[PDB]
Protein chains: 2
Amino acid sequence: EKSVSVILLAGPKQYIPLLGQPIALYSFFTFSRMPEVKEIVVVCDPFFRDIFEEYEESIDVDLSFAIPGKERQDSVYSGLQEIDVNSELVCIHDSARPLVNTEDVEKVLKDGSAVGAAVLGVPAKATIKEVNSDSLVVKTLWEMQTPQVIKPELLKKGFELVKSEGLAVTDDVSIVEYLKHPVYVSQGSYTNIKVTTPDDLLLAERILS
Amino acid sequence: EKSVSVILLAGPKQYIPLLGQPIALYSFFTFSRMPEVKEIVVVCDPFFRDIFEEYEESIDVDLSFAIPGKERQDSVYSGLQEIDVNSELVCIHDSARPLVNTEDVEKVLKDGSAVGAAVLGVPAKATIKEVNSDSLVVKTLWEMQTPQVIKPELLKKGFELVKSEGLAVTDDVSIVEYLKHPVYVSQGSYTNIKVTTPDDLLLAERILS
Ligand SMILES: N#Cc1cnn2c(O)c(Cc3ccccc3)c(Cl)nc12
Ligand SMILES: N#Cc1cnn2c(O)c(Cc3ccccc3)c(Cl)nc12
Ligand SMILES: [K+]
Ligand SMILES: [K+]
Ligand SMILES: [K+]
Ligand SMILES: [K+]
């Protein structure tokens with residue numbers, strides 16, 4: 001209980017309402033009601049702080065804020081600077097995923113605690129293949145979602161390594177890929193979609209019923 | 001000209017209308033108007049033959065039919081048995097992809113002719129990772145679409161090898177993966193979606209405007 005700090009990424013499609021509520025507030029509330037969660041560090045343009053700020057006394061978590069940066073990793077880093085000095089786990093979530101299930105958050109938190117780093121994923125349904133520089137097929141794949149859950153010292157070491165040795169950040173689990181620590185893939189739900197265009201918004205409404 | 005035989009897979013979501021026309025007819029017509037295409041072998045439950053049969057004298061291709069089988073590869077094989085004895089290329093298409101562009105069909109036909117086997121693909125947008133049996137991340141991916149275009153002798157040899165040596169067919173390019181022949185990935189369009197649920201159907205309508 002109160003061992004997890006959520007970094008909620010909300011640096012605009014994550015504020016378009018879903019049944020009257022901005023998309024970013026759904027996951028915000030899902031996390032707030034979990035007794036595991038001590039605090040939520042919201043990463044957002046200060047223009048939208050109000051959207052979250054209205055609910056501070058009514059939620060049972062500490063609310064903090066962080067300034068976004070140029071790339072997703074910069075926004076992750078900024079949020080990381082604000083967590084309780086004794087948080088055992090950081091839980092990084094894309095606010096564009098409003099429909100994440102509490103049960104799946106529970107699973108990835110559990111796996112993150114056990115393993116050190118964990119991320120929600122689902123089996124990739126489509127035929128997906130590695131392709132080389134000459135456009136030829138190179139002769140189980142999982143699609144990643146969020147939360148991404150990691151022990152703060154682990155993530156700090158990852159940022160430290162990328163920084164000092166000047167490494168290339170390419171995708172959403174690139175930083176830990178440079179470390180030798182294992183990353184567990186917690187099996188999630190296909191309903192935990194990223195809601196970035198009006199067609200997704202419609203999906204979200206059907207899932208919400 | 002008249003060098004390509006299309007195997008149109010329509011073995012029910014591919015007959016739900018899109019702006020009044022069953023989904024399966026969109027690609028059917030796209031292929032019919034191409035002077036490269038000699039014939040279309042439609043693979044469908046005979047219950048729906050009429051849907052295609054109505055247009056035979058008005059299209060400029062020979063129309064043939066084949067019975068589906070249990071798995072997609074069986075349906076591919078059945079269609080293969082019906083093509084002109086002198087077709088230089090077979091063009092396999094999932095009728096659930098109604099929005100394929102003529103220009104992209106032209107590209108994959110060109111690449112299939114040059115290389116021997118080619119398939120439309122797009123860069124996979126999501127973070128996708130290989131995961132091992134212990135649920136851990138294994139430390140460019142492309143999403144495949146159709147058409148899949150192949151020289152008929154190449155595809156026949158592939159079915160022959162899988163059959164005689166009893167190999168496991170897993171995904172949509174599995175059969176050729178056993179051969180040493182290269183498979184080219186022709187860059188397609190994100191609009192060439194597979195339309196399997198009412199939300200896709202809505203996507204299709206927006207793309208169609
Ligand atoms: N942006 C961004 C980004 C790039 N890499 N990377 C990363 O490795 C983690 C850490 C992490 C990875 C997997 C599972 C949990 C945590 C997080 Cl949270 N973000 C990023
Ligand atoms: N079902 C099914 C199926 C499984 N494998 N496989 C395959 O290799 C090809 C041939 C092909 C592959 C890549 C590019 C063109 C053709 C086709 Cl057409 N279908 C299948
Ligand atoms: K380590
Ligand atoms: K999407
Ligand atoms: K060969
Ligand atoms: K779909």
Side-chain angles (χ1 to χ4, degrees), chain A residues 13 94 96-97 99 115-117 127 129 131 135-137 139 143 145 150-158 160-161 175-183 190 192-204, chain B residues 5-9 11 41 43 68-80 83 89-94 108-109 111-113 115-121 124-126 139 142-162 167-179 181-186 190 193 199-200 203:
Chain A
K13 302 290 187 159
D94 290 324
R97 292 181 188 276
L99 309 173
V115 182
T127 298
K129 298 285 146 177
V131 180
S135 298
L136 297 179
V137 171
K139 277 181 192 337
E143 183 177 327
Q145 308 174 333
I150 187 159
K151 296 191 174 158
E153 250 309 312
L154 222 195
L155 182 54
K156 283 175 160 100
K157 272 260 285 183
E160 280 174 13
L161 178 71
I175 295 170
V176 296
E177 245 174 298
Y178 295 122
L179 307 173
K180 309 305 282 267
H181 204 89
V183 179
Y190 289 106
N192 188 26
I193 50 157
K194 193 147 96 187
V195 181
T196 30
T197 53
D199 49 292
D200 298 338
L201 231 122
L202 234 173
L203 254 305
Chain B
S5 307
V6 171
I7 295 172
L8 180 60
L9 297 173
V41 181
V43 185
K70 206 167 174 56
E71 303 268 280
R72 188 181 176 279
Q73 62 271 19
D74 301 303
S75 296
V76 171
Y77 186 79
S78 182
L80 187 58
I83 66 176
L89 236 38
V90 62
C91 174
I92 295 86
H93 190 66
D94 290 324
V108 70
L109 289 173
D111 292 332
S113 180
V115 182
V119 56
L120 282 174
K125 275 166 167 180
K139 277 181 192 337
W142 286 67
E143 183 177 327
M144 305 292 75
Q145 308 174 333
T146 69
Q148 300 173 247
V149 176
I150 187 159
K151 296 191 174 158
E153 250 309 312
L154 222 195
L155 182 54
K156 283 175 160 100
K157 272 260 285 183
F159 274 112
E160 280 174 13
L161 178 71
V162 167
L167 300 170
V169 187
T170 54
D171 68 29
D172 287 343
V173 306
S174 292
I175 295 170
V176 296
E177 245 174 298
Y178 295 122
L179 307 173
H181 204 89
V183 179
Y184 195 88
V185 178
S186 299
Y190 289 106
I193 50 157
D199 49 292
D200 298 338
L203 254 305

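These numbers come from the heavy atoms of this one structure, side chains and all, not from hydrogens, waters or symmetry mates. In the text below, chain A, chain B and the rest are named by the order of the sequence lines, each starting its count at 1. Read the numbers this way: they start at 1 and go in the same order the structure lists the ligands and their atoms.
Residue A:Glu160 holds its CD atom at 7.0 Å from CD of A:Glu153, rounded to the nearest 0.5 Å. Rounding to the nearest 0.5 Å gives a distance of 7.5 Å between NZ of B:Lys139 and CG of A:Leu179. Between atom CG of residue B:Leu80 and atom CD of residue B:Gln73 there is a gap of 13.5 Å, rounded to the nearest 0.5 Å. How far CG of B:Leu89 is from CD1 of B:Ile150: 9.0 Å, rounded to the nearest 0.5 Å.
Of the heavy atoms in B:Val169, only side-chain atoms (C-beta onward) come closer than 4.0 Å to ligand 2. Using a 4.0 Å cut-off between heavy atoms, B:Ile175 contacts ligand 2 through both its backbone and its side chain. With a 4.0 Å cut-off on non-hydrogen atoms, B:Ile150 touches ligand 2 through its side chain and not its backbone.
A salt bridge between A:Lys13 and A:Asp200 is absent, with no side-chain N of the basic residue lying under 4.0 Å from a carboxylate O of the acidic one.
The two residues B:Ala117 and B:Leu154 come nearest to each other via the heavy atoms CB-CD1, 4.1 Å.
Below 4.0 Å from some heavy atom of B:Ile92 lie the following atoms of ligand 2, by number and element: 18 (Cl). For ligand 2 and B:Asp171, the ligand atoms under 4.0 Å from any heavy atom of the residue are 4 (C), 5 (N). Heavy-atom proximity to B:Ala118, at under 4.0 Å, picks out these atoms of ligand 2: 14 (C), 15 (C).
Closest to atom 20 (C) of ligand 2, if we only count protein heavy atoms, is B:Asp172 O, 3.1 Å.
Checked by atom type and distance alone, the side chain of B:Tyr178 pairs as donor or acceptor with a backbone atom of B:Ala168 at under 3.5 Å.
Taking only nitrogen or oxygen atoms, main chain and side chain alike, B:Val176 reaches within less than 3.5 Å of ligand 2. Between B:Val76 and ligand 2, not a single N/O pair is under 3.5 Å apart.
Scanning B:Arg72, B:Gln148, B:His93, B:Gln73 for the heavy atom closest to atom 9 (C) of ligand 2 points to B:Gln148.
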